[PDB]
Amino acid sequence: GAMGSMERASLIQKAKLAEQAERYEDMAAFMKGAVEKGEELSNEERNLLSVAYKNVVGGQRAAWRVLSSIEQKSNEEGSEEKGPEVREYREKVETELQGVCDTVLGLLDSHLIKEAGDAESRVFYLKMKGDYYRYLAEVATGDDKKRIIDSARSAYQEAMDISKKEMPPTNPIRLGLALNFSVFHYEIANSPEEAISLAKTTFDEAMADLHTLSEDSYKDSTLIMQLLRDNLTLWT
Amino acid sequence: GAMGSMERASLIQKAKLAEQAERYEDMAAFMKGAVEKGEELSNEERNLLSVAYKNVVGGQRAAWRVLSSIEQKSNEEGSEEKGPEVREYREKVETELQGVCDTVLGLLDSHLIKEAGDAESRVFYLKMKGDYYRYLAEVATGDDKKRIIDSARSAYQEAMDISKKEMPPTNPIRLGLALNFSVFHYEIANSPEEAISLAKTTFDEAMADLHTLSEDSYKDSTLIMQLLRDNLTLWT
Amino acid sequence: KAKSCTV
Amino acid sequence: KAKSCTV
Ligand SMILES: CN(CCS)C(=O)c1cc(Br)cc(C=O)c1
Ligand SMILES: CN(CCS)C(=O)c1cc(Br)cc(C=O)c1
Ligand SMILES: [Cl-]
Ligand SMILES: [Cl-]
Ligand SMILES: [Mg+2]
Ligand SMILES: [Mg+2]
Ligand SMILES: [Mg+2]
Ligand SMILES: [Mg+2]
Ligand SMILES: [Mg+2]
């Protein structure tokens, strides 16, 4: 690893600087190096890991969607033949995106998940595992598509089971997990009714528990509840 | 510290590479960075520290002696005035040499010596403290000269007291300490008889203990005994 | 595109 | 110059 010679604390420090400079590829490489030191991650460090890779893969997904739309238009009736370039370049972006997803999944498997015993860390990592399988599923078209979708589903389901037992309904990790699993149901699993039911039940159970929270926790929880509400408005 | 971001193990690895490449300034900087990590040093790491700085200061001392000899000749009767350049350049080299000695002494004081409890480490560091005060004494000409000489003497004497109680007379650290303390007596303290007596007693006590050693230990000890013999031949 | 957990 | 502990 190219980060093997850098101190863990220096990698963390540089990940924070990279975030401030909006250098998310660097941020992700620093956080990968920090994970590979072999120690468990703190709450703040887990957030840095997730932010870094979400920004990297988010740019790749946006580019893939632009190219996929151009390619789909090229395959309409009446569209001129322009050669293999659109497919080739969409495939290039797709392969890079898959590589980033495989990198994140590899960090989770070696060995973040197995070492995560507290609910807050274990749910966080299992949510990430579901997310990166979901991003693989967004671009999958072959014979492994069903297994990729089931891998996302299985990780989300394990995270949900733990989150319901071990964390209050307003916990931001629990809420973000439920948000992303609902998106999985709607966008990946062809299950819009399950997506709607999960978003509604999650929102309502969080609403009923807001009275227990401080002002700052209330702000954290209601921010994610608004995302659930936004999706419910889009979907209904 | 410019090495603060590098892993301790990487600094050690690079010190060994620098030794192989005869890059002793780099070697010393890597080992300084390793000491500043705050952990105690192993036997091998102590040897790397000493080799690195001995080579750096050895080059400075050789250069200082060349320049000091030129300067002394400039102050002979009949020598032409050539301006301040020889003194200025001798002073430049001298200041750099003093800086390296102060750096080593600072590492020993913060905090190698205080953390060294085993005889092999404590004697090694106290010998080094005597050596670097001795190198300061070689160039000292002012009102602190006597105190610099006494600082070297005091460190050597503490190392000798521990070495005689805790280590066999053939131990290479004990032998190298006695060798260097004898050189201190001869070259710094104007005590050639003490130098001769120490070298002879050290040699004879080691000779009587060689029968206890393996072939490899015998080779290690007799190598240093030959240095004591070489000095005795020079001095008598 | 539905909103997922970001920013 | 006397030999000290080096090399
Ligand atoms: C506001 N917000 C992001 C929108 S859900 C979060 O609290 C958050 C951040 C990160 Br990193 C991970 C998770 C996981 O659930 C949740
Ligand atoms: C052969 N040899 C060098 C000539 S004394 C040594 O065993 C040696 C090496 C180092 Br580093 C430190 C010491 C300290 O006593 C001794
Ligand atoms: Cl291409
Ligand atoms: Cl100069
Ligand atoms: Mg470290
Ligand atoms: Mg653990
Ligand atoms: Mg709990
Ligand atoms: Mg100790
Ligand atoms: Mg002993």
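Every residue number used here counts from 1 along the chain in the order it is shown.
Backbone N, Cα and C define each Cβ position, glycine as well.
Sequence annotations record features per position, and here the PDB entry assigns expression tag to A:1-5. Counting same-chain residues at least six beyond the ends of the expression tag (A:1-5), those with a Cβ under 8 angstroms from any Cβ of the stretch are 11, 29-30, 32-34, 36.
Counting only residues at least six positions away in the same chain, no Cβ atom sits under 8 Å from the Cβ of A:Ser10 (phosphoserine). The DSSP secondary structure for A:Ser10 (phosphoserine) is helix. Under the heading phosphoserine, Swiss-Prot lists A:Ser10 (among others).
Take the CB of A:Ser79 (phosphoserine) and look out to 10 A: across all protein chains shown you find 10 other CB atoms. According to DSSP, A:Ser79 (phosphoserine) sits in a coil region rather than a helix or strand. Look at Swiss-Prot and you will find A:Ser79 (among others) tagged as phosphoserine.
Annotation for A:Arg61 (site 'Interaction with phosphoserine on interacting protein'): same-chain Cβ neighbours under 8 Å, separated by at least 6 residues, are A:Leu97, A:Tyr135, A:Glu138. The annotation site 'Interaction with phosphoserine on interacting protein' is assigned in Swiss-Prot to A:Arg61 (among others).
A:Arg134 (site 'Interaction with phosphoserine on interacting protein') is surrounded by 25 other CB atoms, counting those within 10 A of its CB over all protein chains shown. The site 'Interaction with phosphoserine on interacting protein' annotation in Swiss-Prot covers A:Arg134 (among others).
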When the recorded positions A:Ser10, A:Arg61, A:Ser79, A:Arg134 are screened for a C-beta under 8 angstroms from chain B, what remains is A:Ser10
Reduced to three DSSP states, the expression tag (A:1-5) has 0 helix, 0 strand, 5 coil
